[PDB]
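J.: Would you mind keeping the following structure in view while I ask a few things?
Note that each Cβ is placed from the backbone with ideal geometry, even for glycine, and that neighbours are counted across all protein chains shown. Here, each number is a calculation from the coordinates, and none is a lab measurement.
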Protein chains: 2
Amino acid sequence: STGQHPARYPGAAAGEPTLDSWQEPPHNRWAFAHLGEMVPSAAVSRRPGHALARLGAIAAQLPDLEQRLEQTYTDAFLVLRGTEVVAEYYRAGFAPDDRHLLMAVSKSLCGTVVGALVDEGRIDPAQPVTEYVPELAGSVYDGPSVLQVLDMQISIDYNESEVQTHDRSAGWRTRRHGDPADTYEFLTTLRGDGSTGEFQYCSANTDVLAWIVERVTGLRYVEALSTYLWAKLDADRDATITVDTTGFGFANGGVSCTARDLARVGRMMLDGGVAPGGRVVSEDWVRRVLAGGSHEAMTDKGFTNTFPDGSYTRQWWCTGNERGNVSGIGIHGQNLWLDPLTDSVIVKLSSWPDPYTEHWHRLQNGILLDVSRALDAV
Amino acid sequence: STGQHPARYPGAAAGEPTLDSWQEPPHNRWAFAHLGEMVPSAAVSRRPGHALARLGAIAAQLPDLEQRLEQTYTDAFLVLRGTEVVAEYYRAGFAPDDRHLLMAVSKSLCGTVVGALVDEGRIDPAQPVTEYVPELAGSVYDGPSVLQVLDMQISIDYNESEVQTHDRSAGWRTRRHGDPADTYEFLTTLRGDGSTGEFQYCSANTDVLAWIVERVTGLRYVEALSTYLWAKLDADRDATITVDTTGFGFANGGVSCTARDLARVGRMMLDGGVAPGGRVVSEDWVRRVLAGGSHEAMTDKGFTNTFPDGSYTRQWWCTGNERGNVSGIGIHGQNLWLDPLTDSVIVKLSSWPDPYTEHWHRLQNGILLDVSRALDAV
Ligand SMILES: NCCCCCC(=O)O
Ligand SMILES: NCCCCCC(=O)O
Ligand code: NA
Ligand code: NA
Ligand code: NA
Ligand code: NA
């Protein structure tokens with residue numbers, strides 16, 4: 001058993017509705033107003049073919065930028081300097097207001113929600129995960145602290161296979177006989193040697209954070225993400241997040257939103273944690289994110305080869321470079337890149353053919369760093 | 001085999017992507033921008049509990065209207081007189097701009113798209129279905145004309161079981177071993193005694209119409225619905241439609257939209273087929289819808305008990321009453337009701353516990369008729 005979870009709707013029984021019961025009362029009143037949460041659905045456009053390139057002033061400094069963006073399968077690119085959009089690019093077929101999957105950039109959003117709850121005193125990072133999710137007793141999450149989950153410093157046997165099993169349990173792939181029923185169940189099956197302290201990137205960690213969020217607030221993660229973050233950004237559009245059969249949002253990588261709206265998250269980070277709709281996280285939380293995690297814990301050569309003094313903390317990758325760059329990162333080329341020096345945010349949403357290779361990583365970081373430097377006063 | 005179908009995206013192979021291949025190239029470029037079409041997803045609100053009742057002037061004539069709406073599980077109710085919204089009601093928990101499943105009201109939208117193509121001469125209702133979908137040869141749709149599909153005058157062995165099998169084939173319910181792979185396949189399995197001329201309500205008919213639309217335009221039904229109808233309404237929001245594993249929209253009942261936007265469809269019908277974005281259908285098509293179908297074909301006592309001179313044509317129910325009322329209808333209480341006498345449109349979106357009973361039918365029609373009469377000059 002995985003304990004109490006936020007009901008899909010007020011008064012809903014556990015796990016209700018399912019694909020086979022949503023047309024039945026009392027589920028249908030809710031389902032008829034949220035069918036996309038139960039059945040794959042397409043948008044029928046209210047609006048009746050070429051790339052949109054508005055690189056602005058950085059074009060003179062980076063003449064081959066558009067070509068570089070094309071080479072890295074860029075779908076949406078936006079540079080926010082201060083409160084102003086100074087550069088934009090959208091591939092042919094992708095509108096400026098279209099939403100794009102964030103993959104692991106979603107993790108940085110989840111960490112932000114956790115941070116908001118820490119500020120309220122509803123979550124103490126020093127406490128063990130089991131203080132909030134007792135049902136994780138007996139799993140690899142039995143012993144580690146919430147902060148160790150936030151910093152991903154837990155050794156886990158996660159063949160990266162656990163990765164595909166995670167997808168199947170969440171609805172991202174077709175289920176196989178015997179698979180865990182939902183994401184909560186999947187998490188309870190995870191094991192490790194018990195060691196902690198060393199960084200190990202594992203998407204299961206973020207879903208555990210979302211589970212903690214649900215237990216401390218009583219809200220579905222989808223709602224918590226809106227209440228604690230999205231609804232305070234004065235966003236142009238709602239964001240979306242895939243949900244599993246219980247309605248649990250895929251916190252580790254299922255959020256989709258527009259490039260301009262994702263930039264509002266970065267703006268909030270560079271504004272000390274304050275957004276137009278109110279404070280999202282404390283100044284202290286933002287400071288800790290920008291400061292970075294323990295360098296000694298970071299042993300991922302894939303990251304340190306490029307960023308020797310890099311680290312990871314609270315669901316954000318910290319380059320530790322001369323500019324103090326920090327970034328949310330997702331496979332296939334997603335970045336919510338922060339450049340505090342120039343008070344700028346760079347959003348790059350892409351679709352590389354591969355989830356990750358040293359090649360794409362090199363090209364992508366080259367673009368983000370060049371764009372950042374192009375914003376420097378001269 | 002079911003022949004050629006519109007690709008999910010430009011250059012996509014047949015049936016691609018699937019739930020197991022959307023993360024792979026070249027599918028991912030498209031999938032990352034339309035993930036809701038592959039995996040159930042929830043909205044993360046950009047906006048930070050009580051019913052909204054603005055019955056306007058009809059309140060004096062119908063003092064117990066709100067209670068009557070509550071009794072019929074009303075979620076959204078809107079009255080458009082001319083070009084003005086004169087009355088509105090939304091249950092607690094349902095915002096004015098929230099979308100609601102239309103169920104079979106979706107059929108009237110599909111018929112409108114077919115009508116647009118008839119005007120262009122791309123579809124001749126007198127032609128057999130097989131003239132456009134040869135793959136339907138050998139099925140109950142081998143012989144009947146497109147008009148007979150439009151008027152639902154084809155005898156079909158459709159246990160209403162075929163009804164649940166239809167849902168499973170489309171993704172509305174969990175698949176069973178042996179089920180047709182998609183909606184197209186399901187349609188080809190349908191049989192009948194060969195007789196025609198008598199009305200038989202069957203949702204399979206509308207999906208055949210959508211299939212014809214795809215074969216004549218080369219567009220996915222989802223896109224055709226936008227291009228030929230939705231994008232010309234100057235709608236506030238996009239509509240949505242559930243899609244099966246091939247991306248085929250559930251034309252017979254999977255569309256969702258706001259009450260105000262659905263009213264724009266009625267406005268177009270009362271405006272001779274013209275919408276703000278251009279003509280949707282010809283004046284003649286609208287005239288034929290308002291005129292009704294053959295009364296002799298209408299043998300559904302469930303309809304004629306209330307509307308003795310009623311009929312059905314081109315995916316619309318025609319009451320044949322003294323007011324000439326015509327309406328799009330969907331199970332659980334959905335209506336796109338037209339009252340030409342007062343140049344008004346009444347939209348009622350509900351969630352009755354039951355798909356249909358004489359009881360709900362009586363109460364619902366009582367409300368629509370009373371509201372219509374309340375709009376009469378006095
Ligand atoms: N297992 C689905 C992918 C989750 C996102 C992971 C990442 O972007 O690093
Ligand atoms: N089989 C799903 C329901 C389809 C809608 C049918 C109707 O509204 O009459
Ligand atoms: Na904080
Ligand atoms: Na990694
Ligand atoms: Na027409
Ligand atoms: Na019927």
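J.: Nothing charged except the Cβ atoms of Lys and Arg (+1) and of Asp and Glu (-1): what's the magnitude of the dipole of the protein assembly as shown about its Cα centre? Round to the nearest 20 debye.
T.: 1100
J.: Now for a separate question. Under the definition of partner shielding as Cβ atoms of other protein chains within 10 Å of a residue Cβ, what is the mean value for peptide B:24-32?
T.: 6
J.: In nm, to one decimal, how far is the A:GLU120 label point from the A:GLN4 one, both placed 7 Å along Cα→Cβ?
T.: Spacing of the two 7 Å Cα→Cβ label points: 1.5 nm.
J.: Note down the magnitude of the dipole of the range A:125-218 about its Cα centre, charges +1 on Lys and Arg C-beta and -1 on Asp and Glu C-beta and zero elsewhere, to the nearest 20 debye.
T.: The dipole magnitude comes to about 260 debye.
J.: Which value, in debye to the nearest 20, describes the size of the charge dipole of chain A about its Cα centre when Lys and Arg Cβ atoms bear +1, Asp and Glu Cβ atoms bear -1, and nothing else is charged?
T.: Taking the Cα centre of chain A as origin, the dipole is about 840 debye.
J.: Same structure again: For the range B:306-312, in order, what is each residue's ³J(HN,Hα) by Karplus, 6.51 cos²θ - 1.76 cosθ + 1.60 with θ = phi - 60°, in whole Hz (x at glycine and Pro)?
T.: 3J(HN,Hα) across the range B:306-312, in whole Hz: 8, 10, x, 9, x, 6, 8.
J.: Right, another one. Students often check this: by mean Cβ neighbours within 10 Å, which of B:329-340, A:80-91, B:355-366, B:202-213 ranks highest, and how do the rest follow?
T.: Highest-to-lowest ranking by the protection proxy: B:202-213, B:329-340, A:80-91, B:355-366.
J.: Please give the Cα centre distance for the range B:335-356 versus the range A:200-214, rounded to the nearest Å.
T.: Comparing the Cα centres of the range B:335-356 and the range A:200-214, I get a distance of 46 Å.
J.: I would also like to ask the following. For the range B:66-87, list residues with backbone N below 13 Å from a point placed 7 Å from the Cα of B:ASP236 toward its Cβ?
T.: Only B:76-80, B:85-87 pass the distance filter.
J.: Of B:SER294, B:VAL243, B:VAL118, which is farthest along the charge dipole of chain B in the positive direction, counting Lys and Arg as +1 and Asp and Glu as -1 at C-beta?
T.: Value computed over the given set: B:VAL243.
J.: Now for a different question. Using the scaling law 2.2 N^0.38 Å as the reference, what is the normalised Cα Rg of chain B?
T.: Normalised by 2.2 N^0.38 Å, the Cα Rg of chain B equals 0.97.
J.: Where along chain B is the Cβ that lies nearest the axis linking it to chain A, and how many Å separate them?
T.: Whole-Å result, nearest residue of chain B to the axis: B:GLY36, 3.
J.: If you don't mind, there's one more thing I want to ask. Gap in Å between the Cα centre of the range B:7-29 and the Cα centre of the range A:227-303?
T.: Computed from Cα coordinates, the inter-centre distance equals 29 Å.
J.: Roughly what would the spin-label model give for B:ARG176 and B:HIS359, points 7 Å off Cα along C-beta, in nm?
T.: The modelled label-to-label distance comes out at 2.8 nm.
J.: Report the paramagnetic label zone for B:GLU84: residues of the range B:325-357 whose backbone N is under 15 Å from a point 7 Å from Cα along the Cα-to-Cβ axis.
T.: B:342-345
J.: Once you average over the residues of A:235-242, how many Cβ atoms of partner chains fall within 10 Å of each Cβ?
T.: Other-chain Cβ atoms within 10 Å of each residue's Cβ, averaged: 5.
J.: Two-decimal Rg/Rh of the range A:207-334 from alpha-carbon positions, Kirkwood Rh?
T.: Result for the range A:207-334 is an Rg/Rh of 0.97.
J.: Taking the highest mean first, how do the peptides B:123-130, B:279-286 order by number of other beta carbon atoms within 10 angstrom per residue?
T.: B:279-286, B:123-130
J.: Here's something else I'd like to know. Using packing as a proxy for protection, rank A:60-69, A:31-40 so that the peptide with the highest average count of other Cβ atoms within 10 Å comes first.
T.: A:31-40, A:60-69
J.: What distance in nm separates the simple spin-label points at B:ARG288 and A:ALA92, each placed 7 Å from Cα in the Cβ direction?
T.: 3.9
J.: Given the -39500 (n - 2.57) contribution per DSSP H run of 4+ residues, what per-residue ellipticity at 222 nm results for chain B, rounded to the nearest 500 deg cm²/dmol?
T.: Estimated from H runs of four or more residues: -8500 deg cm²/dmol.
J.: Something else now. Within a 10 angstrom radius of each residue's Cβ in A:350-356, how many Cβ atoms of other chains show up on average? Whole number is fine.
T.: If you average over the peptide's residues, the count of other-chain Cβ atoms is 4.
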